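Read the structure below first, then the notes.
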Amino acid sequence: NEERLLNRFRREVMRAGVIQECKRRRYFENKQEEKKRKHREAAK
Amino acid sequence: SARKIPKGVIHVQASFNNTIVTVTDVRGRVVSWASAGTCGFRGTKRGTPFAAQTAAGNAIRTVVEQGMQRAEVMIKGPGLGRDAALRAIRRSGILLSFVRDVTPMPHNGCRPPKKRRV
Amino acid sequence: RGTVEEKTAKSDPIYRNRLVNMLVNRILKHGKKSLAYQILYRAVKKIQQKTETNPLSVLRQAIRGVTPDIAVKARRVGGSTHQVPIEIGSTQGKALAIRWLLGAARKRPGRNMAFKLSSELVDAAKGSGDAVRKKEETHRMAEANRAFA
Amino acid sequence: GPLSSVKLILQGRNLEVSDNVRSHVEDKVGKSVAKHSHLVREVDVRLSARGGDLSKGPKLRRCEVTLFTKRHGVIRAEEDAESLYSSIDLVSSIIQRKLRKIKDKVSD
RNA sequence: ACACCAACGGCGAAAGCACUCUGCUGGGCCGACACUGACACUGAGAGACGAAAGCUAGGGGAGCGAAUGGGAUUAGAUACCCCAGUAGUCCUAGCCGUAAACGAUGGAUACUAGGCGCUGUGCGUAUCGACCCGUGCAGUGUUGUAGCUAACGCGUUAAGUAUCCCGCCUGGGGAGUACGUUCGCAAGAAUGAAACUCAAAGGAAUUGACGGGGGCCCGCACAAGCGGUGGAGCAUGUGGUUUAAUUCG
């Protein structure tokens with residue numbers, strides 16, 4: 001072992017940010033366009 | 001005592017405000033658990049990476065009656081308690097085979113509750 | 001503002017030491033530099049009278065036991081006040097060391113400032129008195145809150 | 001400020017002050033900053049009057065209230081109205097908003 | 001209830017519609033002349049559908065969660081926070097017919113630069129087979145000429161140029177209220193005034209100020225020190241009180 005962290009590095013493949021997303025309420029296209037517009041532009 | 005086999009799973013319930021470091025065998029009878037509320041301090045302090053380090057250390061320091069070589073860790077959930085816990089287990093340095101995530105990834109099951117507005 | 005121009009620090013008047021000159025500037029109260037000079041060298045001539053080592057050795061060995069490695073800086077994030085400890089530098093620990101040493105030396109009564117600074121100085125040299133206890137109570141508070149960062 | 005409150009200091013310029021004036025001051029100012037729980041240090045209420053039949057200019061009654069509070073700064077409000085009573089009620093309203101600005105800004 | 005797929009994507013007249021599969025069935029688009037020969041457009045009144053919440057009847061009820069109840073913050077808290085939590089949420093059969101039901105843009109046809117796209121089909125190139133290039137159309141998007149516009153902007157999907165058809169508007173309150181009538185199990189929906197009162201009510205843009213909106217940078221501004229005031233005594237100044245005056249500023 002060495003102090004390298006590939007679980008965090010691999011973790012951003014399918015981020016735990018789908019769990020900070022799912023704590024608060026099911027809300028419609030205003031905040032899904034805010035979160036998924038900022039997310040469709042974060043990957044481009 | 002226990003079955004006395006030095007391989008066994010470790011689960012880390014890293015909550016948004018807490019951590020739980022439990023350790024159990026292959027069948028699932030727990031040999032020890034120790035959380036952030038276990039190791040003394042309690043309140044807004046628990047659930048920080050010092051609580052993950054101390055709770056993991058006081059969790060797996062009591063398996064020296066076993067002396068488990070082949071470790072494997074199965075963490076769960078979001079929070080600031082993951083990376084300090086893995087640095088704690090790698091600090092104890094026992095034969096960590098593979099860490100893994102078993103977090104509940106729902107397929108739109110239940111409605112999560114109201115947004116906070118704070 | 002950016003920075004301070006680097007530093008100029010001279011050594012001791014009669015021993016050529018940059019620490020003891022720092023201590024004679026810290027015992028100075030309003031310009032009476034010959035009197036603070038007098039108090040420090042009567043403390044050294046007192047420390048030759050108590051034990052029989054170098055006063056640099058008992059002084060530096062004293063202030064090693066006063067200097068902290070970490071202290072509480074009550075910082076803020078988002079309006080929330082964490083008591084998070086941040087590792088203090090070296091010469092900062094010198095200034096704090098002779099700070100607590102000197103102010104605590106201005107409490108132990110009975111006799112003139114030579115005996116007062118001598119007594120609290122050897123109490124720093126033996127882990128007793130009040131300056132090293134002040135090190136502990138400012139040291140066991142930053143130890144008490146490591147759950148912040 | 002009858003009891004337990006901030007220390008009251010009046011100023012009377014061009015104005016002979018009466019019972020109803022400073023009574024209306026401590027009751028309107030003091031009893032509208034009576035639901036406070038504030039240890040404000042000092043209230044300077046400076047109550048001057050001007051003009052109309054007194055001198056040149058329209059009839060004016062002008063009050064300034066200043067609070068030297070511990071709680072995040074000092075505040076002052078000057079209003080100028082047709083009567084003393086409308087002045088002091090109006091400054092009473094302004095200082096209600098300024099103190100709710102202070103208390104409400106202490107949050108989290 | 002249906003993660004990744006999910007796309008500035010496809011379909012529907014709109015509302016809406018996404019786990020997959022099957023069945024019945026609507027609608028769109030494209031080609032050949034294969035047929036009829038103006039059968040077209042709009043639409044008063046009318047009829048249908050019509051998110052969510054609501055109501056009748058019966059199921060069902062995990063999560064979430066009005067009301068409610070307790071705890072907290074708070075001067076107070078019927079609220080934001082937290083813990084329980086009922087109607088409701090889902091389904092069957094209905095009623096209700098309103099939404100920022102928004103593209104804040106009724107529908108239809110004809111005509112008027114381009115660039116960059118996406119979706120569906122069609123032709124030719126290229127290979128002979130997936131590509132790939134141009135294109136013929138239809139639809140969807142983004143910058144944009146002309147023109148229009150008070151401006152912002154819109155711009156072949158016009159807010160352009162014209163033609164047709166229907167609706168609705170004529171200052172702001174009063175007021176989507178009053179009264180009447182129809183509909184509705186009720187909740188209410190629709191139709192819809194006036195008395196009186198005001199000289200404004202509004203739109204777009206600009207300049208400032210301000211923000212418990214950002215970004216940047218100084219200042220003994222905070223932080224780090226050092227020394228004080230506030231405590232005591234006195235000197236002095238002011239306010240108040242008193243006095244014939246305690247001059248006035």
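Scheme for the structure tokens: letters A, B, ... for chains in order shown; per-chain residue numbers from 1; ligand numbers from 1 in order shown.
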
Checklist line | Residues flagged alpha helix (DSSP H) by DSSP in region 30-98 of chain C, as a ChimeraX atom specification | finding: /C:33-50,55-64,90-98

Selection export as an mmCIF file, in the first residue's frame, atoms kept: C-alpha atoms:
```cif
data_model
loop_
_atom_site.group_PDB
_atom_site.id
_atom_site.type_symbol
_atom_site.label_atom_id
_atom_site.label_comp_id
_atom_site.auth_asym_id
_atom_site.auth_seq_id
_atom_site.Cartn_x
_atom_site.Cartn_y
_atom_site.Cartn_z
ATOM 1 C CA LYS C 33 16.352 50.245 28.537
ATOM 2 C CA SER C 34 19.174 50.469 31.064
ATOM 3 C CA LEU C 35 16.805 49.297 33.780
ATOM 4 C CA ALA C 36 15.477 46.352 31.761
ATOM 5 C CA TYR C 37 19.113 45.614 30.962
ATOM 6 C CA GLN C 38 19.776 45.711 34.717
ATOM 7 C CA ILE C 39 16.882 43.346 35.493
ATOM 8 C CA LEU C 40 18.002 40.804 32.912
ATOM 9 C CA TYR C 41 21.648 40.753 33.918
ATOM 10 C CA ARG C 42 20.751 40.572 37.587
ATOM 11 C CA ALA C 43 18.616 37.607 36.577
ATOM 12 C CA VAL C 44 21.617 36.027 34.864
ATOM 13 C CA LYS C 45 23.867 36.728 37.861
ATOM 14 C CA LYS C 46 21.030 35.204 39.890
ATOM 15 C CA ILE C 47 20.921 32.109 37.688
ATOM 16 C CA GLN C 48 24.664 31.585 38.070
ATOM 17 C CA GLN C 49 23.988 31.696 41.818
ATOM 18 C CA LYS C 50 21.163 29.143 41.748
ATOM 19 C CA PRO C 55 22.399 30.736 31.306
ATOM 20 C CA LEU C 56 21.923 30.171 27.576
ATOM 21 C CA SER C 57 21.334 26.527 28.414
ATOM 22 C CA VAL C 58 18.811 27.086 31.196
ATOM 23 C CA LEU C 59 17.189 29.914 29.225
ATOM 24 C CA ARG C 60 16.874 28.121 25.898
ATOM 25 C CA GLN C 61 15.938 24.880 27.647
ATOM 26 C CA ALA C 62 13.345 26.878 29.567
ATOM 27 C CA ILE C 63 11.788 28.476 26.478
ATOM 28 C CA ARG C 64 11.669 25.153 24.668
ATOM 29 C CA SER C 90 8.970 29.115 15.083
ATOM 30 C CA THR C 91 9.967 32.702 15.925
ATOM 31 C CA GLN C 92 6.280 33.343 16.585
ATOM 32 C CA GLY C 93 6.622 30.640 19.212
ATOM 33 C CA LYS C 94 9.674 32.468 20.532
ATOM 34 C CA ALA C 95 7.710 35.700 20.971
ATOM 35 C CA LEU C 96 4.782 33.894 22.558
ATOM 36 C CA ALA C 97 7.206 31.896 24.691
ATOM 37 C CA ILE C 98 8.894 34.866 26.324
#
```

Excluding same-chain residues fewer than 6 positions from residue 15 (chain B), what lies within 12 Å of it counting only C-alpha atoms (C1' of nucleotides), as an mmCIF file with N, CA, C and O atoms, in the first residue's frame?
```cif
data_model
loop_
_atom_site.group_PDB
_atom_site.id
_atom_site.type_symbol
_atom_site.label_atom_id
_atom_site.label_comp_id
_atom_site.auth_asym_id
_atom_site.auth_seq_id
_atom_site.Cartn_x
_atom_site.Cartn_y
_atom_site.Cartn_z
ATOM 1 N N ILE A 19 -26.343 11.498 -4.720
ATOM 2 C CA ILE A 19 -26.949 11.319 -3.414
ATOM 3 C C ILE A 19 -27.143 12.646 -2.684
ATOM 4 O O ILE A 19 -28.137 12.805 -1.967
ATOM 5 N N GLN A 20 -26.262 13.628 -2.888
ATOM 6 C CA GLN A 20 -26.604 14.982 -2.473
ATOM 7 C C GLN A 20 -27.707 15.568 -3.345
ATOM 8 O O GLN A 20 -28.343 16.546 -2.949
ATOM 9 N N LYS A 23 -31.251 13.957 -1.654
ATOM 10 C CA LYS A 23 -31.721 14.191 -0.295
ATOM 11 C C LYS A 23 -32.956 15.074 -0.298
ATOM 12 O O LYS A 23 -33.959 14.759 0.348
ATOM 13 N N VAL B 21 -18.234 2.664 11.918
ATOM 14 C CA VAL B 21 -17.275 1.695 11.427
ATOM 15 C C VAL B 21 -17.620 0.385 12.107
ATOM 16 O O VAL B 21 -17.337 0.190 13.293
ATOM 17 N N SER B 35 -18.581 3.736 16.277
ATOM 18 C CA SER B 35 -19.029 4.877 15.514
ATOM 19 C C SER B 35 -18.430 6.145 16.083
ATOM 20 O O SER B 35 -17.645 6.115 17.031
ATOM 21 N N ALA B 36 -18.826 7.273 15.502
ATOM 22 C CA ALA B 36 -18.370 8.548 16.030
ATOM 23 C C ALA B 36 -19.036 8.864 17.357
ATOM 24 O O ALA B 36 -18.435 9.519 18.213
ATOM 25 N N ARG B 46 -19.229 15.194 15.890
ATOM 26 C CA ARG B 46 -19.227 13.854 15.336
ATOM 27 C C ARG B 46 -19.633 13.913 13.874
ATOM 28 O O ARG B 46 -20.472 14.723 13.481
ATOM 29 N N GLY B 47 -18.979 13.099 13.060
ATOM 30 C CA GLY B 47 -19.169 13.167 11.629
ATOM 31 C C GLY B 47 -18.173 14.026 10.889
ATOM 32 O O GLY B 47 -18.473 14.481 9.781
ATOM 33 N N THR B 48 -17.013 14.274 11.463
ATOM 34 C CA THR B 48 -15.910 14.995 10.858
ATOM 35 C C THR B 48 -14.757 14.020 10.629
ATOM 36 O O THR B 48 -14.778 12.920 11.188
ATOM 37 N N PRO B 49 -13.771 14.338 9.774
ATOM 38 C CA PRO B 49 -12.730 13.334 9.472
ATOM 39 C C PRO B 49 -11.863 12.929 10.653
ATOM 40 O O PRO B 49 -11.302 11.826 10.642
ATOM 41 N N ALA B 51 -13.309 12.371 13.520
ATOM 42 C CA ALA B 51 -14.176 11.338 14.074
ATOM 43 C C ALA B 51 -14.134 10.074 13.243
ATOM 44 O O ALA B 51 -14.349 8.981 13.775
ATOM 45 N N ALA B 52 -13.893 10.195 11.942
ATOM 46 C CA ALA B 52 -13.733 8.999 11.131
ATOM 47 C C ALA B 52 -12.428 8.302 11.464
ATOM 48 O O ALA B 52 -12.377 7.069 11.547
ATOM 49 N N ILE B 75 -17.865 0.351 2.078
ATOM 50 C CA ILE B 75 -18.396 1.599 2.614
ATOM 51 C C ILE B 75 -19.741 1.925 1.983
ATOM 52 O O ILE B 75 -20.178 1.264 1.037
ATOM 53 N N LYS B 76 -20.402 2.949 2.511
ATOM 54 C CA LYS B 76 -21.733 3.317 2.065
ATOM 55 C C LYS B 76 -21.986 4.781 2.380
ATOM 56 O O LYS B 76 -21.656 5.247 3.472
ATOM 57 N N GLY B 77 -22.559 5.503 1.421
ATOM 58 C CA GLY B 77 -23.180 6.771 1.706
ATOM 59 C C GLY B 77 -22.300 7.991 1.524
ATOM 60 O O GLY B 77 -21.082 7.900 1.354
ATOM 61 N N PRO B 78 -22.926 9.168 1.551
ATOM 62 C CA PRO B 78 -22.193 10.424 1.405
ATOM 63 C C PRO B 78 -21.790 11.015 2.740
ATOM 64 O O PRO B 78 -22.410 10.779 3.774
ATOM 65 N N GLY B 79 -20.750 11.818 2.701
ATOM 66 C CA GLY B 79 -20.300 12.484 3.902
ATOM 67 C C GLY B 79 -18.811 12.725 3.854
ATOM 68 O O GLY B 79 -18.104 12.275 2.958
ATOM 69 N N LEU B 80 -18.343 13.452 4.857
ATOM 70 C CA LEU B 80 -16.937 13.791 4.981
ATOM 71 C C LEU B 80 -16.154 12.727 5.726
ATOM 72 O O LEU B 80 -15.023 12.984 6.142
ATOM 73 N N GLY B 81 -16.732 11.547 5.919
ATOM 74 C CA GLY B 81 -16.108 10.521 6.718
ATOM 75 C C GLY B 81 -15.505 9.373 5.949
ATOM 76 O O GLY B 81 -15.073 8.395 6.573
ATOM 77 N N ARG B 82 -15.446 9.442 4.623
ATOM 78 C CA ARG B 82 -14.926 8.309 3.870
ATOM 79 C C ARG B 82 -13.401 8.297 3.854
ATOM 80 O O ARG B 82 -12.769 7.331 4.297
ATOM 81 N N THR B 103 -23.628 1.676 -1.723
ATOM 82 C CA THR B 103 -24.605 2.711 -1.408
ATOM 83 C C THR B 103 -25.925 2.463 -2.135
ATOM 84 O O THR B 103 -25.938 1.920 -3.243
#
```

Next item on the list: Counting only C-alpha atoms (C1' of nucleotides), collect the residues of chain E whose closest atom lies at most 12 Å from chain B, and write them out as an MDAnalysis selection string.
Entry: chainID E and resid 1:4 19 62:65 80:82 89

Written selection (C-alpha atoms (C1' of nucleotides)) as a PDB file, in the first residue's frame:
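Saved file result37.pdb follows:
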```pdb
ATOM      1  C1'   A E   1     -42.284   5.881  -8.752  1.00  0.00           C
ATOM      2  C1'   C E   2     -39.401   4.125 -12.888  1.00  0.00           C
ATOM      3  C1'   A E   3     -31.954   5.762 -12.194  1.00  0.00           C
ATOM      4  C1'   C E   4     -27.699   5.808 -16.384  1.00  0.00           C
ATOM      5  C1'   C E  19     -38.911   0.347 -17.260  1.00  0.00           C
ATOM      6  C1'   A E  62     -44.649   2.288   1.723  1.00  0.00           C
ATOM      7  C1'   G E  63     -42.575   7.268   1.021  1.00  0.00           C
ATOM      8  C1'   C E  64     -43.771  12.383   1.010  1.00  0.00           C
ATOM      9  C1'   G E  65     -47.109  15.582   3.493  1.00  0.00           C
ATOM     10  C1'   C E  80     -38.842  29.238   7.830  1.00  0.00           C
ATOM     11  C1'   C E  81     -35.568  24.467  11.025  1.00  0.00           C
ATOM     12  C1'   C E  82     -36.500  19.478  13.361  1.00  0.00           C
ATOM     13  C1'   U E  89     -51.007  11.624  -3.278  1.00  0.00           C
TER      14        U E  89
END
```

Next item on the list: Write down as a count of residues only the residues belonging to chain C that are assigned strand (DSSP E) by DSSP computed on the backbone.
Entry: 10

Next item on the list: Compute the set of chain C residues within 10 Å of chain D, using only C-alpha atoms, and express it as a PyMOL selection string.
Entry: chain C and resi 78-80

Skipping near chain neighbours, those fewer than 5 positions away, what residues fall within 8 Å of region 132-147 of chain E using only C-alpha atoms (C1' of nucleotides), listed as a PDB file with C-alpha atoms (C1' of nucleotides), in the first residue's frame?
```pdb
ATOM      1  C1'   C E   8     -30.188  23.198 -26.862  1.00  0.00           C
ATOM      2  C1'   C E  29     -44.242  13.031 -43.242  1.00  0.00           C
ATOM      3  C1'   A E 113     -30.795  37.538 -47.551  1.00  0.00           C
ATOM      4  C1'   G E 114     -27.683  34.301 -45.549  1.00  0.00           C
ATOM      5  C1'   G E 115     -24.440  31.304 -41.677  1.00  0.00           C
ATOM      6  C1'   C E 116     -24.361  27.415 -38.123  1.00  0.00           C
ATOM      7  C1'   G E 117     -27.505  22.959 -36.409  1.00  0.00           C
ATOM      8  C1'   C E 118     -30.844  18.680 -35.319  1.00  0.00           C
ATOM      9  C1'   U E 119     -34.896  15.033 -36.801  1.00  0.00           C
ATOM     10  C1'   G E 122     -35.967  11.454 -51.529  1.00  0.00           C
ATOM     11  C1'   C E 123     -32.305  11.882 -55.625  1.00  0.00           C
ATOM     12  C1'   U E 125     -21.656  10.993 -56.118  1.00  0.00           C
ATOM     13  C1'   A E 126     -18.754   7.403 -53.874  1.00  0.00           C
ATOM     14  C1'   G E 160     -42.159  41.880 -42.328  1.00  0.00           C
TER      15        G E 160
END
```

Next item on the list: Would you give me, as a PyMOL selection string, the residues of chain C that come within 9 Å of chain B, using only C-alpha atoms?
Entry: chain C and resi 145-149

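Every protein or nucleic acid residue with an atom no more than 9 Å from residue 96 (chain B), counting only C-alpha atoms (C1' of nucleotides) and leaving out same-chain residues fewer than 4 positions away, appears here: residues 1 of chain A; 69, 70, 71, 72, 73, 89 and 90 of chain B.
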
Next item on the list: Could you tell me which of C:17, C:22, C:115, C:28 comes closest to chain E if we count only C-alpha atoms (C1' of nucleotides)?
Entry: C:28

Notebook entry, point to check: When you draw a straight line from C1' of residue 92 (chain E) to CA of residue 28 (chain A), how long is it in Å?
Noted result: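 Spanning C1' of residue 92 (chain E) to CA of residue 28 (chain A) is a straight-line distance of 28.4 Å.
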
Check: which chain A residues lie within 9 Å of chain B using only C-alpha atoms, as a PDB file with C-alpha atoms, in the first residue's frame:
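The resulting file, iface17.pdb, is shown below:
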```pdb
ATOM      1  CA  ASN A   1       0.000   0.000   0.000  1.00  0.00           C
ATOM      2  CA  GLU A   2       0.793   3.652  -0.558  1.00  0.00           C
ATOM      3  CA  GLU A   3      -1.310   6.696   0.352  1.00  0.00           C
ATOM      4  CA  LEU A   5      -6.628   7.382  -3.320  1.00  0.00           C
ATOM      5  CA  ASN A   7     -11.596   5.265  -4.724  1.00  0.00           C
ATOM      6  CA  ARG A   8     -12.276   9.010  -4.714  1.00  0.00           C
ATOM      7  CA  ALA A  16     -21.844  10.489  -4.972  1.00  0.00           C
ATOM      8  CA  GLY A  17     -23.394  13.782  -6.181  1.00  0.00           C
ATOM      9  CA  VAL A  18     -26.383  11.653  -7.161  1.00  0.00           C
ATOM     10  CA  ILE A  19     -26.949  11.319  -3.414  1.00  0.00           C
ATOM     11  CA  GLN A  20     -26.604  14.982  -2.473  1.00  0.00           C
ATOM     12  CA  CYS A  22     -31.557  12.915  -3.862  1.00  0.00           C
ATOM     13  CA  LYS A  23     -31.721  14.191  -0.295  1.00  0.00           C
ATOM     14  CA  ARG A  24     -33.984  17.135  -1.075  1.00  0.00           C
ATOM     15  CA  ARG A  25     -37.329  17.026  -2.820  1.00  0.00           C
ATOM     16  CA  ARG A  26     -38.457  15.747  -6.177  1.00  0.00           C
ATOM     17  CA  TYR A  27     -38.923  19.072  -7.970  1.00  0.00           C
TER      18      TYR A  27
END
```

Next item on the list: For CA of residue 4 (chain C) and CA of residue 103 (chain C), determine how far apart the two atoms are, in Å to one decimal place.
Entry: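 CA of residue 103 (chain C) lies 26.6 Å from CA of residue 4 (chain C).
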
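Residue-level contact on chain E: within 9 Å of chain D, counting only C-alpha atoms (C1' of nucleotides), the set is residues 75, 76, 212 and 239 of chain E.
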
Write out as CSV the residues of chain C that have any atom within 10 Å of an atom of chain E, one row each with the nearest atom pair and its distance in Å to one decimal, counting only C-alpha atoms (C1' of nucleotides), sorted by chain and then rising number.
```
residue,atom,partner,partner_atom,distance
C:1,CA,E:218,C1',7.9
C:29,CA,E:226,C1',9.7
C:30,CA,E:227,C1',9.6
```

For N, CA, C and O atoms, I'd like the residues from the last selection saved as an mmCIF file, in the first residue's frame.
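Saved result, result.cif, follows:
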```cif
data_model
loop_
_atom_site.group_PDB
_atom_site.id
_atom_site.type_symbol
_atom_site.label_atom_id
_atom_site.label_comp_id
_atom_site.auth_asym_id
_atom_site.auth_seq_id
_atom_site.Cartn_x
_atom_site.Cartn_y
_atom_site.Cartn_z
ATOM 1 N N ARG C 1 -2.388 45.481 2.793
ATOM 2 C CA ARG C 1 -0.985 45.870 2.724
ATOM 3 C C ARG C 1 -0.166 44.625 2.425
ATOM 4 O O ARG C 1 -0.559 43.532 2.821
ATOM 5 N N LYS C 29 9.835 48.333 29.491
ATOM 6 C CA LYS C 29 8.602 49.098 29.602
ATOM 7 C C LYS C 29 8.937 50.573 29.523
ATOM 8 O O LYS C 29 9.617 51.101 30.408
ATOM 9 N N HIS C 30 8.418 51.230 28.486
ATOM 10 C CA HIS C 30 8.584 52.645 28.155
ATOM 11 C C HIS C 30 9.998 53.184 28.292
ATOM 12 O O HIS C 30 10.295 53.987 29.178
#
```

Note to self: Taking 2 positions as the minimum chain separation for residues in the same chain, which residues sit within 12 Å of residue 197 (chain E) when counting only C-alpha atoms (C1' of nucleotides)? Answer as a PyMOL selection string.
What the structure shows: chain E and resi 172-174+195+199

Output the selection as a PDB file, in the first residue's frame - C-alpha atoms (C1' of nucleotides) for each residue.
```pdb
ATOM      1  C1'   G E 172     -56.752  53.357 -12.942  1.00  0.00           C
ATOM      2  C1'   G E 173     -59.511  52.035  -8.588  1.00  0.00           C
ATOM      3  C1'   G E 174     -64.412  50.410  -7.200  1.00  0.00           C
ATOM      4  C1'   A E 195     -72.664  55.041  -7.515  1.00  0.00           C
ATOM      5  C1'   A E 199     -54.953  62.753 -12.609  1.00  0.00           C
TER       6        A E 199
END
```

Notebook entry, point to check: Within 8 Å of residue 73 (chain C), counting only C-alpha atoms (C1' of nucleotides), which residues qualify if same-chain residues fewer than 3 places away don't, as a PyMOL selection string?
Noted result: chain C and resi 83-86

Check: Mind pulling up the distance from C1' of residue 100 (chain E) to CA of residue 41 (chain A)?
Finding: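 If I compute the distance from CA of residue 41 (chain A) to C1' of residue 100 (chain E), I get 27.4 Å.
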
Notebook entry, point to check: Quick one: residues within 12 Å of region 36-39 of chain A, only C-alpha atoms (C1' of nucleotides) counted, chain neighbours fewer than 3 positions away excluded, as a ChimeraX atom specification?
Noted result: /A:17-18,21,28-33,42-44 /E:6-8
